[PDB]
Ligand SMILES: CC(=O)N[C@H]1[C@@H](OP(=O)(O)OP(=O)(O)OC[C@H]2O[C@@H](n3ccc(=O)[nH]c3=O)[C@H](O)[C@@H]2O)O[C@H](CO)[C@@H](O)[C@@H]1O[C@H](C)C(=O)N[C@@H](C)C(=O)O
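The chain that follows stands alone, in the form solved without this ligand, written as structure tokens.
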């Protein structure tokens, strides 16, 4: 029967391409008045009606089925009236789930899902599989469909799972949970029809009831047991481990901190469940420097490692990296910070800096402001350029320390965006003698 695309974004346009190539009659609605895709849609799909305006329950009831974009609230009045008359409320992921003829790795959770999703993708690439990665913010799932594909890796948001009826994922995981009942019930739908699950030993709420009847792999930071990825501590070294077997000393990883070890172990668990070899996975794990500008490893020079965390444009993001990297390393931190502070209260940085920093290097407009908030009990130096800051940190860092650009400020006083700031930080580091 008839179908309607409800919402015209990146996912909506993928629904336009999918329904058109399959030869199915459909129409499109959007609450805007000159949406961007309107010029392309009038030129490339001239036979499709595009109804721009406030949603009308009357118009939607001419469809037996609707595909709602993740942004829109499922409690929008027109959508509630349409489901009462019997319209099936669906979405791109629900169509993808019915059309896939290859296993699906399905990942949902907090912001941490980007590292795990990216890792499993690079692991599968290292294993010579034809793999498509998408979902959530990323390539729309329906665009990934192809008959040569051997493995789908999907980062799914709570909204995308709300309109999904039965995903039939080969392995599925909710990375972490800990009110907010609706958020976690939606995420939990990722387990509908799942043939394997990966659970977090640190968070009992990520374990679905089906873990008692389907293969259940776990990850965590303590010592692993049957079907578990964990940490073994033998001699003075911590090792990533599977069951009784030591896989790799964490010191050979480029990423740092407890959260990254857990993300690495979850990615090992997910990749294992789909038969990725350990040798391929561990090599990819060793080569992964991190996400662009999220505490990203740049270089090791004379036993000092340099980390680009330029995305930390606020106090909260920088405190997380100061405590995350500081608790993990053997030495101490040399922090580079400063820029546009947005009037933030920098007081929250004093104690972690006193506990983890050997010195602080300050640049940017609000460098004097951060200085007064840190006090006169940590060694401070104020510089004018990023290259001065990098060389000044290298003159302060002793072996085993970490040089951390976690500015806690925006970069627009001296740079184009934070990404150019991190890119130029890496350049100054790569140019040290």
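Positions refer to the first chain, counted from 1.
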Using the PDB record, quantify the missing residues of the deposited sequence between residue 178 and residue 179 as none, 1 to 3, 4 to 9, or 10 or more. 4 to 9
383-391 versus 32-40 - which carries the larger mean C-alpha B factor in the record: 32-40
Give the stretch, out of 77-85 and 98-106, with the larger mean C-alpha temperature factor in the deposited entry. 77-85
Looking at the C-alpha B-factor values in the deposited entry, which of 403, 408, 396, 63 comes out highest? 63
Compare the CA B factors listed in the entry for 119, 112, 318, 161 and report the winner. 112
Please place residue 129 in the lowest, middle or highest third of its chain according to the CA B-factor in the PDB entry. highest
How does residue 229 rank on Cα B-factor within its chain, lowest, middle or highest third? lowest
Tertile call for residue 239 (CA temperature factor, within chain, third-based) is the middle
By the recorded C-alpha temperature factor, relative to the other modelled residues in its chain, which third is residue 345 in? highest
Entry-reported C-alpha B-factor of residue 146 relative to its chain, by third, is highest
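Missing here is the form deposited with this ligand bound; even so, the following discussion is about that form.
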Backbone and C-beta atoms within 2.4 Å of 3 or more ligand atoms means blocked; with that in mind, superpose this ligand from its pose in the bound PDB entry onto this chain and give open or blocked. blocked
Since only the chain is shown here, I'm wondering whether residue 91 would be in contact with this ligand in the bound PDB entry (any heavy atom pair within 4.5 Å). no
Residue 30, heavy atom within 4.5 angstroms of this ligand in the bound PDB entry: yes
Given that this ligand is not shown alongside this chain, does residue 230 nevertheless sit within 4.5 Å of it in the bound PDB entry, heavy atom to heavy atom? no
Although the partner isn't part of this model, could you tell me whether residue 138 comes within 4.5 Å of this ligand in the bound PDB entry, counting any heavy atom of the residue? yes
Looking at 160, 218, 196, 206, which has any heavy atom no more than 4.5 Å from this ligand in the bound PDB entry? 160
So if I measure heavy atom distances to this ligand in the bound PDB entry, which of the stretches 274-282, 357-365, 324-332, 151-159 falls within 4.5 Å? 151-159
Residues in 33-72 close to this ligand in the bound PDB entry, defined by a heavy atom within 4.5 Å, in order: 69, 70, 71, 72
Of 291, 89, 259, 58, which is at the hinge where one rigid part rotates against the other between this form and the one not shown? 291
Since the Cα-Cα distance for residue 135 and residue 423 shifts by 3 angstroms or more in the bound PDB entry, is it a contraction (closer) or an expansion (farther)? closer
